[PDB]
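First, one chain by itself: the form deposited in one PDB entry, in structure tokens.
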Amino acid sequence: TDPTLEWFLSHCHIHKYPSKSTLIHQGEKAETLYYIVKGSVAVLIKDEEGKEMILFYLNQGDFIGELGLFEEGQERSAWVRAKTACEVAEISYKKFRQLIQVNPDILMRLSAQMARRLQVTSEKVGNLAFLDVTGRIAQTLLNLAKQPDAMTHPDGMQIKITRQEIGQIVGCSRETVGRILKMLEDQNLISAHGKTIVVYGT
């Protein structure tokens, strides 16, 4: 098994949250670090009109609220809401700074996740800068197809995903998502089989 996590978790409080609950309130003062024992979450930023953007999906095995760890007086950089019911560990920054001196691997794992997040977020900047809505929705589909949650299909990878949520990822209305998907079918690039979406040539 993993003694390091075990060791890490023995210094945490664990708490459970129902689906759709807000784990992190943007703007708040950061003093605590979190680790997802079970579940999945969305990280998201808002427009001044209430519009929500989904930055990132995090799951079992992810730290959360780590960005304020390295400087005192930081505030949460974004919102995090419980995608499913979650089981979440919690430890203060101070205590977590102490664990680091005993075993820096826990910091390595955390920074490993920051590095990954930075790479992917950077790619998202690129999509936003270089691609129109159509292009962005295509890359979004290709990426979801590459996920392990992607069911295998004769014609390609099969994903299940809401239009609304596709909109929150690329930054457009769900109506716009729908019209674009319908065009991608016509172009014979995907299929919209009721619930799922089959991404051809994946």
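If you superpose the two forms and keep the largest set of C-alpha atoms that fall within 1.5 Å, you have the rigid core. A residue's number is simply how far along the shown sequence it sits, counting from 1.
FYI, the form deposited in another entry isn't displayed, but the following is about it.
Asker: Which of these moves by 2 angstroms or more at the C-alpha between this form and the one not shown, core superposed: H11, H193, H25, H15?
Answerer: The listed residue whose C-alpha shifts by at least 2 Å is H193.
Asker: Hey, does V170 budge by 2 Å or more at the Cα between this form and the one not shown once the core is superposed?
Answerer: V170 C-alpha, core-superposed: shift of less than 2 Å.
Asker: Tell me whether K51 is among the residues that move between this form and the one not shown (Cα shift of 2 angstroms or more, core superposed).
Answerer: Comparing forms between this form and the one not shown, the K51 CA shifts below 2 Å.
Asker: Would the C-alpha of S40 be classed as shifted by 2 Å or more between this form and the one not shown after rigid-core alignment?
Answerer: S40: C-alpha displaced by less than 2 Å between this form and the one not shown.
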